[PDB]
Trainee: 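Have a look at this one.
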Amino acid sequence: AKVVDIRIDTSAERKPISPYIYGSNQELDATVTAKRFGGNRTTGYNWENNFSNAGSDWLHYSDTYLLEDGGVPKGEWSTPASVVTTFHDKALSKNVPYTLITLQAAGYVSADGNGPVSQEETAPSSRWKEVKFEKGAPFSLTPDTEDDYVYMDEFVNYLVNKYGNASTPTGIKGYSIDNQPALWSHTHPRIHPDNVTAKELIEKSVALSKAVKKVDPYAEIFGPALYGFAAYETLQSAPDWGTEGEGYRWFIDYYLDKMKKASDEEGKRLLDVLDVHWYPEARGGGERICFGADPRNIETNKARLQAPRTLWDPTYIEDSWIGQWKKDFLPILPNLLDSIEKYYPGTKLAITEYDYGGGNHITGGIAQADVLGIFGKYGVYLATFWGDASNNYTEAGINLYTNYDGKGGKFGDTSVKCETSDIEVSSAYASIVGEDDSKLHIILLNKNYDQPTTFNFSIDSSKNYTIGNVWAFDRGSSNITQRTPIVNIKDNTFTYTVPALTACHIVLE
Ligand SMILES: OC[C@H]1O[C@@H](O[C@H]2[C@H](O)[C@@H](O)[C@H](O[C@H]3[C@H](O)[C@@H](O)[C@H](O[C@H]4[C@H](O)[C@@H](O)[C@H](O[C@H]5[C@H](O)[C@@H](O)[C@H](O[C@H]6[C@H](O)[C@@H](O)[C@H](O)O[C@@H]6CO)O[C@@H]5CO)O[C@@H]4CO)O[C@@H]3CO)O[C@@H]2CO)[C@H](O)[C@@H](O)[C@@H]1O
Ligand SMILES: [Ca+2]
Ligand SMILES: [Cl-]
Ligand SMILES: [Zn+2]
């Protein structure tokens, strides 16, 4: 009989949970709170005509993929920025409060949609248009598709003209400095064949941020959208890191410090959100937990359940090259936040791409719910899952926070102290609404694989809870269903036994 104690104090460690951590990149069967237009295809996206290039993902094809996949009405395929306005229109219509749009910085964007770009057509060539951050001439809402340039500030001006600036209810709140710069030479060799240098990335990041903020002073700039740890540490062995990195523990510090320096010289913040991608390298049963992980491998599924701990738990060492050789940089979120506090205080943190795998398996759902609780508890500003609508359990994990009852019910927006006596078999997150603890929300995750877990709850609150309604998902179904309410609460204490591998959302009143 596994017994775990959960202790909550609704008046302690109160901290706001950013509403934007429950987002996605793709169109999911879930209620999301942020939408990101990013990924490989956005690097060569040309807002003037909507063409883009697949890079290594599809034989370096320049075509209309983004229009097709974005579901843009065919009559608007030739309208400037239709891929993006369709994207943002959809977010607004779904009551999504944050839209993050990736801008182009690798250097060139598709000039046409004529198919594969040969190596002999590597930019510059007739297949590409050079990107310039500042037009330096009056903007036009009808960009010239005949010249050799595409302007980023003109692109942003077009969007601001249509939706208002970032401080308004319909404005696009953030822009990203391209996508995974350290992989430009690998994913987009026809655009940027040489490996990005640290100097180049900083110069471009500063120039583009300045350009964007002149048009919309309220827009938040996200960067550098690093693909993974190797990029965090050395920008994938950047050619000039041996010189530029002298005195820096890792590239993350250099980036923050240089953006801070540029901001101090310019007179305003040029980097609003440190943006990184985190695909867990955690392994189990001989395979990584994401990217083709087999739901039949129990050891992999068990490793998936514990992997979220690498984000915050100092005592957890996962089975991966990061867990083995990079302990000095783990747990990862605290290390990223520590760097921010040291080199550019006030900078926000966002995980714009991540996937814990097992999307159609209960463990993918529990891990997803665990990750969201962690993002909220540790202060992540925005997060957007990367994966499609086939990940039903991942979607259940999101809805457990954003729409647990099917009618808009959501986790509270203020995190409060909630401790569990066994962080290996369980995870628990608690929250209230605003500064009011009248309704206490609790996400309770039982990671026990084949046995129920009995939880003894002890709560310190100014309110005397009498009932706890429950919604949950498990191996029986990814659909979140209401369960029998908890009714025997004595002096804010109660015992609740949860079946193995179950994710619950308890609402006490
Ligand atoms: O003439 C006959 C009819 O033609 C129709 O048009 C056709 C057209 O002729 C044809 O060429 C086109 O073919 C498309 C395929 O149908 C479509 O499936 C394919 O989709 C690709 C896409 O090109 C590619 O860019 C995309 O890349 C993804 C990648 O899969 C994904 O793994 C990656 O995720 C990474 C993140 O990006 C990265 O940030 C993170 O760090 O890592 C992630 C994981 O690695 O994301 C990228 C995108 O960013 O993959 C998809 C799927 O494979 O594209 C083909 C070329 O466009 O189909 C057209 C029809 O649909 C005419 O319409 C009709 O009138 C004619 O009669
Ligand atoms: Ca142009
Ligand atoms: Cl990168
Ligand atoms: Zn789905």
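Positions are given from 1 along the sequence.
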Trainee: Under 6.0 Å between ring centres, would you say that holds for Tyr279 and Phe291?
Mentor: yes
Trainee: Roughly how far, to the nearest 0.5 Å, is OG1 of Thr493 from CD1 of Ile6?
Mentor: 14.0 Å
Trainee: Mark yes or no for whether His188, through its side chain, and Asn40, through its backbone, hold a donor-acceptor pair below 3.5 Å.
Mentor: yes
Trainee: Ring centroid separation for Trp386 and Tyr354, is it under 6.0 angstrom?
Mentor: no
Trainee: Just by distance, do the side chain of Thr86 and the backbone of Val72 share a donor-acceptor pair under 3.5 Å?
Mentor: no
Trainee: Are the side chain of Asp178 and the backbone of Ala105 linked by a donor-acceptor contact shorter than 3.5 Å?
Mentor: yes
Trainee: Verify, without hydrogens or angle tests, whether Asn391 (side chain) and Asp388 (backbone) share a donor-acceptor contact under 3.5 angstrom.
Mentor: yes
Trainee: May I ask you to check whether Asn46 and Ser110 show a side-chain donor-acceptor distance below 3.5 Å?
Mentor: no
Trainee: Taking it one step at a time, do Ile322 and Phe329 satisfy side-chain contact (heavy atoms from CB on, under 4.5 Å)?
Mentor: CA-CA 9 Å; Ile322 297 177; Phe329 294 98; over 6 Å; no
Trainee: Looking at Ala166, is its backbone amide N or carbonyl O close enough to the side chain of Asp216 to form a donor-acceptor pair, meaning the two atoms are under 3.5 Å apart?
Mentor: yes
Trainee: Are any non-hydrogen side-chain atoms of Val470 and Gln482 less than 4.5 angstrom apart?
Mentor: no
Trainee: Starting from the C-alpha separation in whole Å, work towards a yes-or-no answer on side-chain contact (heavy atoms from CB on, under 4.5 Å) for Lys302 and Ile298.
Mentor: CA-CA 6 Å; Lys302 290 181 177 180; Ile298 307 304; 3.6 Å; yes
Trainee: Would you say that more than 12 heavy atoms from the other residues, nucleotides or ligands in this model lie under 6.0 Å from the NZ of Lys463, or not?
Mentor: yes
Trainee: Could you go through the side-chain contact (heavy atoms from CB on, under 4.5 Å) check for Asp29 and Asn392 one step at a time?
Mentor: CA-CA 8 Å; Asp29 300 311; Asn392 56 305; over 6 Å; no
Trainee: By the definition salt bridge (charged side-chain N to carboxylate O under 4.0 Å, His left out), identify the one residue from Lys173, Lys213, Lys348, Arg269 that meets it with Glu220.
Mentor: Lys348
Trainee: Tell me, with the steps shown, if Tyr20 and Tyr381 meet ring pair (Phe, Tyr, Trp, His ring centres under 6.0 Å).
Mentor: CA-CA 6 Å; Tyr20 320 124; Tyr381 177 64; 5.5 Å; yes
Trainee: Establish, from distance only, whether the side-chain atoms of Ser426 and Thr420 form a donor-acceptor pair under 3.5 Å.
Mentor: yes
Trainee: Less than 3.5 Å apart, any donor N or O on the side chain of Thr43 or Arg41 sitting next to an acceptor on the other?
Mentor: no
Trainee: Quick check: do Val507 and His505 have side-chain heavy atoms less than 4.5 Å from each other?
Mentor: yes
Trainee: Can you see whether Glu318 engages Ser320 through a side-chain donor-acceptor pair at a distance of less than 3.5 angstrom?
Mentor: yes
Trainee: Evaluate the side-chain proximity of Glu395 to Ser478: yes if any heavy-atom separation is below 4.5 Å, no if none is.
Mentor: no
Trainee: We want to know whether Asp437 and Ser462 form a side-chain donor-acceptor pair, criterion being a heavy-atom distance below 3.5 angstrom.
Mentor: yes
Trainee: Check the pair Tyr393, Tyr356 against ring pair (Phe, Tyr, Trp, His ring centres under 6.0 Å), reporting the backbone distance first and the verdict last.
Mentor: CA-CA 11 Å; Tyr393 271 104; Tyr356 277 65; over 10 Å; no
Trainee: Just by distance, no angles: are the side chains of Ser11 and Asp9 close enough, under 3.5 Å, to form a donor-acceptor pair?
Mentor: yes
Trainee: Does a side chain donor of either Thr42 or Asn179 reach within less than 3.5 Å of an acceptor in the other side chain?
Mentor: no
Trainee: Within a reach of under 6.0 Å around OH of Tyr449, are more than 12 heavy atoms found that belong to other residues, nucleotides or ligands?
Mentor: yes
Trainee: Between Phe87 and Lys35, is there a cation-pi geometry (under 6.0 Å to ring centre, at most 45° from the normal)?
Mentor: yes
Trainee: For the side chain of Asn403 and the backbone of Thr31, is there at least one donor-acceptor N/O pair under 3.5 Å apart?
Mentor: no
Trainee: When you check the side-chain N and O atoms of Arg304 and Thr363, is any donor under 3.5 Å from an acceptor?
Mentor: yes
Trainee: For the pair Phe457 and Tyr496, evaluate ring pair (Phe, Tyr, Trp, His ring centres under 6.0 Å) and give the outcome as yes or no after the intermediate values.
Mentor: CA-CA 8 Å; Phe457 279 83; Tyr496 190 58; 7.6 Å; no
Trainee: Would you check if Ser415 and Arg14 make a side-chain contact, meaning some heavy-atom pair closer than 4.5 Å?
Mentor: no
Trainee: Inspect the surroundings of NZ in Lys410 and state if more than 12 heavy atoms from other residues, nucleotides or ligands are less than 6.0 Å away.
Mentor: no
Trainee: Between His441 and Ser431, is any side-chain donor less than 3.5 angstrom from a side-chain acceptor?
Mentor: no
Trainee: Do the non-hydrogen side-chain atoms of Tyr163 and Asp89 ever get within less than 4.5 Å of each other?
Mentor: yes
Trainee: Under the ring pair (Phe, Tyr, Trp, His ring centres under 6.0 Å) rule, what do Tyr45 and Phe37 come out as? Steps first, then yes or no, please.
Mentor: CA-CA 11 Å; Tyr45 171 69; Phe37 170 70; 5.6 Å; yes
Trainee: Side chains of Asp474 and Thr502: do they bring a donor and an acceptor to under 3.5 Å?
Mentor: no
Trainee: Please test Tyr98 against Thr33 for side-chain contact (heavy atoms from CB on, under 4.5 Å), starting from the C-alpha separation and ending with a verdict.
Mentor: CA-CA 7 Å; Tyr98 205 108; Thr33 62; over 6 Å; no
Trainee: Taking ring-ring contact (aromatic ring centres under 6.0 Å, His included) as the criterion, tell me which of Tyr404, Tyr429, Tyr401 meets it with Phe411.
Mentor: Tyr401
Trainee: Please check if the side chain of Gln368 supplies one atom and the backbone of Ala396 the other of a donor-acceptor pair under 3.5 Å.
Mentor: no
